Amino acid sequence: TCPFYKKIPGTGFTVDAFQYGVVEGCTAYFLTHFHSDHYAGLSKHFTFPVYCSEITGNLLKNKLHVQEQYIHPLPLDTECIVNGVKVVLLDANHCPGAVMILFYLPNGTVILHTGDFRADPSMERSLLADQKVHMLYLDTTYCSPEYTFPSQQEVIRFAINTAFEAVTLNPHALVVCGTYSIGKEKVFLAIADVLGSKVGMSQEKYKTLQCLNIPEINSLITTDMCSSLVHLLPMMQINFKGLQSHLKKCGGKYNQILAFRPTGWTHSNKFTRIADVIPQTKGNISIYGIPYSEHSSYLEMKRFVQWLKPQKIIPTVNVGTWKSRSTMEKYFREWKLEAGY
Ligand code: NI
């Protein structure tokens, strides 16, 4: 059944709750972003109101074929009324179109649901600065102190320098980047840019990217693989077998592959710096795992919560085991005592 942490008290609202059939008493279904564990269950047959960002609305229409009359996009950073309740959508710093949702309850309670987010100090100067938030439904993906990672900026610098050096040394090298969802577009766009190439991809992926309102996108991507030296492939194919196979397909236009796998966290983060990363190599193929995250580090999450000073925290990630629940609740109390709220 629909879990309590997907329900907004005092409303008929649910968040990211599309796989339970009809939720008894739900008058509006919000969708934070277009990732499959969140939209799971939506289709052309859905006949309730869906509230979301413009970009998420483009993806629902074009990729899932949800009918237009049930899609209600809202602009960001704007006070809106939905079934008699004031809401605001804020940028979540996750994937394109991803939002956090502020609900202003008739009784005076204010609730923030983060969806999936990467906490940033820039959020401290949004509409969140303007009033008190009583309850926080929090993206706790990496809520443990072992989870450190570099800035997105540091990671992109590393990838750009690496790719540029490789291709300038060998003009017959191919660069490949893995993907399995929206998000992390900076990785492959920044590399294609330093190399003066467009990124080549399947028709399905090109369609997905054309929904995202990225400026000048027609200048940066293409379905013509042969004219491109940065290819995108399914993440599943980013391994030595899948890459040798792929290399055959290019007809001796290339003799070397340099491939990037943008992972979340991986335990080499507890030892190694970004400057010190190395690839796995077999033959003329090298694969780099780069820790490009679109979720908060432990320290980023801690800072955001200690700034906001909520009265109650409701985790939305890692809630399935008692040991994870109990560990998270321990960090929350530490944070509150350290900061004095
Ligand atoms: Ni997500």
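Here, residue 1 is the first one in the sequence, and each next residue gets the next number. Computed over heavy atoms, backbone and side chain alike; hydrogens, waters and symmetry mates excluded. Whatever order the structure lists them in is the order used to number ligands and atoms, beginning at 1.
At a threshold of 4.0 Å, the pair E294-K184 does not count as salt-bridged, since none of the basic side-chain nitrogens sits closer than that to a carboxylate oxygen.
Atom CG of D139 and atom NE2 of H113 lie 9.5 Å apart (nearest 0.5 Å).
Backbone or side-chain N, O or S atoms of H295 do not reach the Ni ion (ligand 1) at under 2.8 Å.
For the pair NE2 of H33 and ND1 of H35, the angle whose vertex sits at the Ni ion (ligand 1) is 90° to 10 degrees.
Atom NE2 is the N, O or S atom of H94 at the shortest distance from the Ni ion (ligand 1). Restricting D116 to its N/O/S atoms, the shortest distance to the Ni ion (ligand 1) is reached by OD2.
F18 and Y29 have tilted rings, their planes meeting at an angle from 30° to 60° on a 0 to 90° scale.
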Practice item. Check the pair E124, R303 against salt bridge (charged side-chain N to carboxylate O under 4.0 Å, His left out), reporting the backbone distance first and the verdict last. Key: CA-CA 10 Å; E124 303 158 22; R303 177 189 166 116; 2.9 Å; yes
